[PDB]
């Protein structure tokens, strides 16, 4: 099973994730101070999430195989069109085992982004996304609002909402407060981060392990098992 990550650039040789992430050719980001454009800052978000999924010391699915697509710039900003072209890149790679697609990003409700996610889900892809960090109804954001995507809100150790988006479009809540993971500040550095991106990466790791054990596990079965174990 492979976990595809659509996010910022990654520090692929950070010791926590070295060997896990196959950086793909894909890059589609909007235009980019010098400090904020250094690699250690550009790579921060995606490197932390690749660690949450696959990291040796702190991964949920330690040793998981990942593939990365760059859809967010050094400031963590992307476009719906770049994200769409990234999702098409994944579909083309699939047409040429089970696949998990992790989308730790959000914009406003988008008909086309939801439609693209729906087409991948209809083809058997398991998509996992962040509910959003706006203390608002996740139905107003995308891909969070897509019913075919597993939308993940963030809770703490006491199951309290971290703030996290909520509502009928959130399928489950997962750990998203002070999550220790790989820091791109240095090759062995770690940092704690909070957010629905971290919660979604946790669920992607659980899904990857469930699909590895039961390759014939469908999205409908998997979804209910993930919701229950939350």
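Positions refer to the first chain, counted from 1. The term rigid core refers to the most C-alpha atoms you can superpose between the two forms while keeping them within 1.5 Å.
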property	result
Rigid core superposition result in 5 other deposited structures of this protein, more deviant of 104-112, 152-160 by Cα	152-160
Higher-deviation stretch (C-alpha RMS, rigid core fit) in 5 other deposited structures of this protein, choosing from 209-217 and 5-13	209-217
Gap at residue 61 across at least one third of the other PDB entries	no
Residue 48 unmodelled in at least a third of other compared entries	no
Residues with no coordinates between residue 32 and residue 33, taken from the deposited sequence as a class	1 to 3
Unresolved deposited residues in the interval that joins residue 96 and residue 97	1 to 3
Segment of higher mean CA temperature factor, 166-174 or 44-52	166-174
Selected stretch [higher average CA B-factor]: 34-42 or 183-191	34-42
Residue 91, C-alpha B-factor rank within chain (lowest, middle or highest third)	highest
Record-listed C-alpha B factor of residue 102: chain third	lowest
Residue 145 - Cα temperature factor, lowest/middle/highest third of chain	middle
Residue 78 - Cα temperature factor, lowest/middle/highest third of chain	lowest
CA B-factor ranking of residue 124, expressed as a third of its chain	highest
